[PDB]
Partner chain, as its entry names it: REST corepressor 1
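In the block that follows, a single chain appears as structure tokens, in the form solved without its partner chain.
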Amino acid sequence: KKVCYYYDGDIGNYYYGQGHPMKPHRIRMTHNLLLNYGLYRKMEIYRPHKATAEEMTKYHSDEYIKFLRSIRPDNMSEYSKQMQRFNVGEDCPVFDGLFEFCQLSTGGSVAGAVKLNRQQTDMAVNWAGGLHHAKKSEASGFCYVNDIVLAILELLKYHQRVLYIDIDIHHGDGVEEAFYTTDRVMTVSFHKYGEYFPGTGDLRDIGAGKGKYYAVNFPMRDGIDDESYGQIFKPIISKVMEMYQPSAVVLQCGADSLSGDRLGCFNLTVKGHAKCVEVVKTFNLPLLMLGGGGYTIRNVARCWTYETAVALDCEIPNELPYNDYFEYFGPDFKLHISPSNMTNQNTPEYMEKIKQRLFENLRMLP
């Protein structure tokens, strides 16, 4: 089907500070891989418009947005009592042109959601957004603005019920918090639980009140491999959309889930990770693929080109083209990665118990 790609050229020039894990340069890597891979021609490439703060504040509190608009590396000594209540400063560091990047990230995500909103296209691959951790009141994670919330909020104007599948290692607590109460959004995250960063996802926690039986979280242990992931992923989404029947899916492809990650304990293959996309593609609904958490920039690039190829339904070879970033990839220089062996503490009885419990957590869904 028709595919829409959103990427601003000057999005890899937003250095997060020395030593920080999240590097937006990975967004350029994918877009530099796509051109040399013979995929740019087949896909409708757009340019994301800087989202206005008045449009950005459709979910976030106005004071938070103004605080983001004013914070600068220099004008910071005075801005000292605001960083200690907005969680900015230490884990979510300030950098030159922070708000400009905060508008580029939300830009393509809302433009894409507008394009599927108008029933004009089918897939919108925004590899620049996907920041799923910025809470309503204040920043969290590595994010500052939760572009995902604006994307869903745009879809909700016309579409009645909307899905959001997240396959990032983390829980994506921001989105869940934004749609705990409401029944119009069905969030399903496949995170890792137990002394991990979000710490909120648990089998016992569901959307409160009107969101009862919706926020389906699947806790996991470290080292879950492709075969287990495939065996678990399909029979849950095929039941969620069989009792929810969402009009549109917002699927986020975190690149932490891959093996060899800097901040991830999973063990995955690009085929295994980018099989969630060939799964959802067979349901033939408007689909919005976002980027997101990825910290092995080399594997993030390798991963994100492949689902882009899957969305086009194209077939692509392992030999990497001689791009600008060719020297970065491994000595084999191939696309697909092999999983370094690590024990899978997701024992079959463990996953089967969770799968069953989730199954009655959706059989009660109206």
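Numbering follows the first chain given and starts at 1.
Asks: For residue 116, does the count of other compared entries lacking it reach at least a third?
Replies: Yes, a third or more of the compared structures omit it.
Unshown form deposited with its partner chain bound; subsequent notes refer to it.
Asks: May I ask you to check whether residue 177 falls inside a 4.5 Å heavy atom distance of its partner chain in the deposited bound form?
Replies: Contact check for residue 177: yes, within 4.5 Å of its partner chain in the deposited bound form.
Asks: In the deposited bound form, does residue 111 have a heavy atom within 4.5 Å of its partner chain?
Replies: Looking in the deposited bound form, residue contacts with its partner chain include residue 111, since a heavy atom lies within 4.5 Å.
Asks: Taking its partner chain as it sits in the deposited bound form, is residue 208 near enough to touch it, meaning that at least one heavy atom pair lies within 4.5 angstroms?
Replies: Taking the distances in the deposited bound form, the answer for residue 208 is yes, it comes within 4.5 Å of its partner chain.
Asks: Would residue 59 sit within 4.5 Å of its partner chain in the deposited bound form, counting heavy atoms only?
Replies: The answer is yes: residue 59 has a heavy atom within 4.5 Å of its partner chain.
Asks: Heavy atom within 4.5 Å of its partner chain in the deposited bound form: which of 236, 153, 285, 71?
Replies: When its partner chain is considered in the deposited bound form, the option within 4.5 Å is 153.
Asks: Could you run down 243-274 and flag each residue that has a heavy atom within 4.5 Å of its partner chain in the deposited bound form?
Replies: Nothing in this stretch is in contact.
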